[PDB]
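4 protein chains.
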Amino acid sequence: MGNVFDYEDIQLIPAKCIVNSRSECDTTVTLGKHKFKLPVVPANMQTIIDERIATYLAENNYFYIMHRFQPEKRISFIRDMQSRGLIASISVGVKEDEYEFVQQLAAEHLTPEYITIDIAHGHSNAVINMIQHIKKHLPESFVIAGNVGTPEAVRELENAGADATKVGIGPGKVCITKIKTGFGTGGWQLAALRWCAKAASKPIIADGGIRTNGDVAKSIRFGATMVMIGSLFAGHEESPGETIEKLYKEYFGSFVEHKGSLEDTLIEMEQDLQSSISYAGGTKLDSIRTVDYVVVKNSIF
Amino acid sequence: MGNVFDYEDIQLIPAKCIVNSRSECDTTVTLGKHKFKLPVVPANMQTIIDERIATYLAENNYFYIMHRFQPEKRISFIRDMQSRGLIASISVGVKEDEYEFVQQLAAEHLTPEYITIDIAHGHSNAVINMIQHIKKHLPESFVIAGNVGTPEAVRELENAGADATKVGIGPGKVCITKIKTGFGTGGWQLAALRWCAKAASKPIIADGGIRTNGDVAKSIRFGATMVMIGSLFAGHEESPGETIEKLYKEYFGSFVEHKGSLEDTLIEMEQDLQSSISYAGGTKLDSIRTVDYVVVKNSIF
Amino acid sequence: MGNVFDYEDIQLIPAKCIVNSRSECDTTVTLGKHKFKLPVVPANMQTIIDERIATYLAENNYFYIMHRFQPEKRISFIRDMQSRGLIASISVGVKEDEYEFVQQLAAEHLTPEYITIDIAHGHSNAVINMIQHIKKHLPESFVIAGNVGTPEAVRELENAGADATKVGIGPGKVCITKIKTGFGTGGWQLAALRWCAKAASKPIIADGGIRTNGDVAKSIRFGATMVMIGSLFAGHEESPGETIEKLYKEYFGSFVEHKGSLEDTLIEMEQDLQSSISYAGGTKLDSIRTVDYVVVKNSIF
Amino acid sequence: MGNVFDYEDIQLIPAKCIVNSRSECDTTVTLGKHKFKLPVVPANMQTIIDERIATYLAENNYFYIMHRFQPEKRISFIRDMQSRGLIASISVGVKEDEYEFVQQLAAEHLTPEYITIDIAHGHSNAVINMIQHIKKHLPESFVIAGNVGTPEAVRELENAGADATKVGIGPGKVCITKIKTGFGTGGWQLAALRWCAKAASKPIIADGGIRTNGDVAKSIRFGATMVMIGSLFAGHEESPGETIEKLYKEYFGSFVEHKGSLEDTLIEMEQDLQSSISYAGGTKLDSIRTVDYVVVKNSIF
Ligand SMILES: Nc1nc2c(ncn2[C@@H]2O[C@@H](COP(=O)(O)O)[C@@H](O)[C@H]2O)c(=O)[nH]1
Ligand SMILES: Nc1nc2c(ncn2[C@@H]2O[C@@H](COP(=O)(O)O)[C@@H](O)[C@H]2O)c(=O)[nH]1
Ligand SMILES: Nc1nc2c(ncn2[C@@H]2O[C@@H](COP(=O)(O)O)[C@@H](O)[C@H]2O)c(=O)[nH]1
Ligand SMILES: Nc1nc2c(ncn2[C@@H]2O[C@@H](COP(=O)(O)O)[C@@H](O)[C@H]2O)c(=O)[nH]1
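Here the protein sequences line up with chains A, B, C and D, keeping their order. Residues 1 to 245, 249 to 257, 275 to 321, numbered by the entry's author numbering, are exactly what the first sequence covers, in order. Residues 1 to 245, 249 to 257, 275 to 321, numbered by the entry's author numbering, are exactly what the second sequence covers, in order. Residues 1 to 245, 249 to 257, 275 to 321, numbered by the entry's author numbering, are exactly what the third sequence covers, in order. Residues 1 to 245, 249 to 257, 275 to 321, numbered by the entry's author numbering, are exactly what the fourth sequence covers, in order.
Written as structure tokens, this is what we have:
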């Protein structure tokens, strides 16, 4: 950064197709010691993810991150997921009984595979301290830290010991940080990603702003390992929240229209993303990383 | 490419008018051994073209390309069109009984004047192979190959032996490749054309993105020999698809409003295009190629 | 040209106000041997101007140009206007009985004060010929020629003997030349004016694209002597066309909402334009010519 | 200026958060001899402010400026506010019985703490004269002068003796100066502020264009001491004007929807602005001044 742009400004340029069917394209990705079907993860929000969803995903090799909204239920969540041969992926804060939470986890001999320290303005000593604290008590837990919007936050989190950082400050559909405060990556998420990624030693989770499945490929182009999606996963039948009636579900953070089975959404993502690999002139996800691109004048639209 | 822009960004600059009536302007063009009334061709899609339309066009020296959706009907289509003193212009794929199709055509002593190898991502060995195959079995067939979106695809198709290439990856009104995959010329079709054309030895068919008849002239400015149009030819009385009721027709690929006779559309195209030649300070189509232009800031609109 | 922009891109920068009331600002302008209240003129179209309006304007020192749509009525129009102590301002073409029209005028000893040769694509020998013809038969007639969109057309018309040129190719609200042909100053009228004006020895009439009264001042900034307005003068009670019923009038060239008395419109123009002179740090119209300006990013709006 | 942009083009870049709660951020500011809760002030317009509001604000250490619309009521307004242990902040003009108004104030031994000379086009000798006049008769009155839109107006007002200048020419929601005259900072207010501020020795009040509370922080970034807000303060229950019925209030200068208590609005401003300080990596308002920023391509939206 550089020129500033966002998802809709970007068109990726096709290379020579080397496959006969998109079916020969592999969209898996790896994050620490584990391998997942898709580079996407639903937002770790109560309006998007619950234990039911978490189990479905885990049982099918989809990465998931559980929200933190009922912090008391986490211990037994971990234990359920882990007795099940499944990954336990949870979120923590830094305020303040969760310092003894991760200490209780150590005593309980309970190591979650993934822990995400998820704070609105995650560029802080508060976040550094919780990272160090977890590397100390649960050194075998893969730690995702954020949210951040700069290369400088990314470095300083990675230097605190984060295994991955989460990038995005206010680009969410239901997020209003840009309006209230005038700060963040809203309006330039994809470019804020190019630029954080340039400086990252650890996987980045691009968080927020995704409006189409093509934006997964674009996020891949510009440095993401994983893409967090709230809006596009909102309003499925499996989704949290009640349904009204045609047909609608609420979606909010800490009014949409009904979308069908989350599995159809996920297979469609995978298919679109395999088309993306065809277009990127390759067989796997990483082929996307090398393609040229143009910044269009009006949009995509 | 260069600056990226699209049809609506472009205004062409008028030269001194050398005609008294647009009627003295000639909009014909030539593609291989044949001469046509207009540099336009309806999309080779089942929602746009059928044998009825194909016959009308052919009988009136309008270039047409037939879709491939009932591949069994092609043989007798060719034979009908050819017993009629008319051009037989068909589409083929590369999967897989159509390798013996063009071999059956050779045995049948049936040479179609035009064959279009029409694949979404036509930059592939698959397409190269079908080109070579046809140059081998039906060497007297003019071969149009695509679709492509780069100078590199254009060269490599032309080097495989294509007589013309079709340029456009996702700029169609009903096309969703840009949304699903994040790849292609959608949002910058006209510039993707300037740039493919710069590197082409063979006629290019600019395929997709045309929203006004002025965009035909613009496509001419930027290197097209021929312009393929789906949307603007959708929904005529002669058009495929049923009519509802006011008055509508469906338009889709592999919900519009009713447009009148296709002949009125075509005479209007010709007239607008003769106005375009008046403005280009000339008497024929090629006068458009030399005019200056500006990229406006907001649009045309 | 230079950077391309249009009316809405432009903000003019205020200089020190040297007046106590906008009332001390003089918005008059001169075109040949005559002095007018405002640098504006209604479009010389049948949907905008008739003899009733023409008389009102003339009787109040507003410049007007009469349309050509009933060419038989012109002779007696001139004579009426001229027996009245009023300016006779008419439009002519070049096809073809109007070569003897201006010859009939010579015989009739009838010299119109202003004659406008008004052709869509006025950059032509056709227009040059009619200019020379009029300078020959009615040498005392002020000749306005056009329409043009380039410095080159402006020079060549001025060299043919035009006393003023009319600039604008398709920026009209009801004009569709940009859509049909892909040619003209639509989308960049104000910049097409900066640029024609840079090369002009004669007054330019900026014709078309005016959407607000501020655009009169902007046209002044960028070189106009006079501004032709169709849309903003459409739909007044005095205006041509019938009224329906709330309340509407048609507006078209060769569906709006009702606007009130044309005199209120004209006094308001004058007042806004005197505000413009206050802001331009002056007392007269020409003060506008010297102000700085910025090209904004989104619009004015 | 420089690149031209406005509030929606701008995203501010977060620095390392050094607070645990936005509650530890101080949003106070000082203007002359007085200290206020927020860098915001409601527009000194009759549709926004009255004595009731003025008293509320003053009694709670919110800066306010009273409009001038009932000039006869000012004397006793000052006296009421001043007998109350409250700041008396009034507006004056330059026409013409207000030269003896400020002379009557001197005789009455009535010194208003703040006086704002509030003229549409305030770059004038008229404004200079009233400034000098007040510095002469009421030298202990803090004088705010404007409105202006250039560094040159700012200097010349500050050189006349202004204690602060008010910046903004036509960016108001209900302002139509941009449409009528084609002049001012509408469409580029925030950049017109960067640029006036660069040349200012005195506090600037950024006046107009604020659409979100984030735009307060942005105005801070670009040089404002104080931000005047009309639109966002329109339509509260305490607000001037009648209510209709759901629920609406009028808002106009010299049709909205009902907004709630002005105190909720003001506490929310303060809270958003403390979030802004968290994001700016600081504890006080001035931390905002140092942050980086990007100009996005489409908007914020
Ligand atoms: N600042 C803020 N961000 C939120 C909130 N709720 C969700 N988000 C952000 O946006 C979500 C995903 O964004 P989306 O895919 O809908 O654009 C989450 O991953 C999170 O980063 C909220 O209440 N406040
Ligand atoms: N990728 C894709 N392209 C299509 C489809 N249907 C039509 N098209 C493209 O768009 C058509 C013409 O575009 P239009 O004139 O409507 O913008 C065809 O010529 C073809 O290139 C489809 O189903 N998928
Ligand atoms: N090409 C074309 N231009 C027209 C037509 N009718 C009006 N105009 C142009 O536009 C008018 C004024 O434009 P407006 O103020 O509405 O933007 C006339 O002065 C003329 O230049 C038409 O039918 N065709
Ligand atoms: N020129 C002009 N400006 C006005 C008028 N009424 C309000 N304003 C301006 O706009 C107000 C605030 O703008 P807002 O916050 O609504 O964008 C006032 O502070 C003032 O500068 C008016 O009638 N004419």
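We treat Cβ as the ideally placed atom computed from N, Cα and C, and that holds for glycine.
Check	Outcome
Reduced DSSP category for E158 (chain B) - H, G, I as helix; E, B as strand; rest coil	helix
Alpha carbon of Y99 (chain C) to alpha carbon of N20 (chain B), nearest angstrom	15 Å
Against chain D: residues of the stretch 107-122 of chain C by CB proximity under 8 Å	none
Sub-8 Å separation of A300 (chain D) and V311 (chain D) beta-carbons	yes
Beta-carbon gap between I131 (chain D) and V143 (chain D) smaller than 8 Å	yes
Assigned secondary structure, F77 (chain D) (DSSP; H/G/I helix, E/B strand, else coil)	helix
Partners in chain A for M1 (chain B), counting only beta-carbon separations shorter than 9 Å	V314
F36 (chain C) (DSSP reduced to helix, strand or coil)	strand
Continuous alpha helix (DSSP H) stretch holding residue 265 (chain A): start and end	No atoms are given for residue 265 (chain A), which sits in the stretch of chain A between 257 and 275 that the model skips.
Beta-carbon gap between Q11 (chain A) and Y313 (chain A) smaller than 8 Å	yes
Of the listed residues B:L86, B:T28, B:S298 and B:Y251, nearest to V227 (chain B) (C-alpha basis)	B:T28
Beta-carbon proximity check, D6 (chain A) vs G209 (chain A), cutoff 8 Å	yes
Continuous beta strand (DSSP E) assignments of at least 3 residues falling wholly in the stretch 94-150 of chain D	114-118 and 142-148
Per DSSP, cross-strand counterpart(s) of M289 (chain A)	The partner list for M289 (chain A) (beta bridge, DSSP) is empty, contrary to what the question assumes.
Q189 (chain A) classed as buried or exposed, judged by whether at least 16 other C-beta atoms fall within 10 angstroms	buried
Beta-carbon contacts of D50 (chain C) that lie in its chain and below 7 Å, excluding the five residues immediately before and after	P240
Closer than 7 Å: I229 (chain A) CB and nearest ligand 5 heavy atom	Only ligand 1, ligand 2, ligand 3 and ligand 4 can be found as ligands here, which leaves ligand 5 out of the picture.
Cross-strand partners of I244 (chain A) (DSSP beta bridge)	A:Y251
Cβ shell of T185 (chain B) (< 7 Å), same chain only, five flanking positions each side left out	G149, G168, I169, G170, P171 and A192
C-beta neighbour in chain A for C17 (chain D), strict 8 Å	yes
Chain B contact for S231 (chain C) (CB, 8 Å cutoff)	no
Where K166 (chain B) falls: helix, strand or coil (DSSP)	strand
Proximity test, Cβ basis, 8 Å: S219 (chain D) and chain C	no
Residue from C:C175, C:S89 and C:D292 with nearest C-alpha to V41 (chain C)	C:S89
Cβ-heavy atom distance, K173 (chain D) to ligand 4, below 7 Å	yes
Chain-ordered residues of the stretch 11-41 of chain B with a beta carbon less than 8 Å from chain C	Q11, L12, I13, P14, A15, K16, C17, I18 and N20
Distance between beta carbons of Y64 (chain C) and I53 (chain C), contact taken as under 8 Å	7 Å
Any C-beta of chain C under 8 Å from that of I320 (chain B)	yes
Chain C within 8 Å of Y299 (chain B), Cβ atoms only	yes
Cβ neighbours of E253 (chain B) in the same chain (closer than 6 Å, five flanking residues each side left out)	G241
Where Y64 (chain D) falls: helix, strand or coil (DSSP)	coil
Residues of the stretch 163-192 of chain D with Cβ closer than 8 Å to any Cβ of chain A, in chain order	none
Outcome for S219 (chain A) when other beta-carbon atoms lying within 10 angstroms are tallied against a minimum of 16	buried
Any non-hydrogen atom of ligand 1 within 7 Å of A106 (chain D) CB	no
CB contact flag (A234 (chain B), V276 (chain B), <8 Å)	yes
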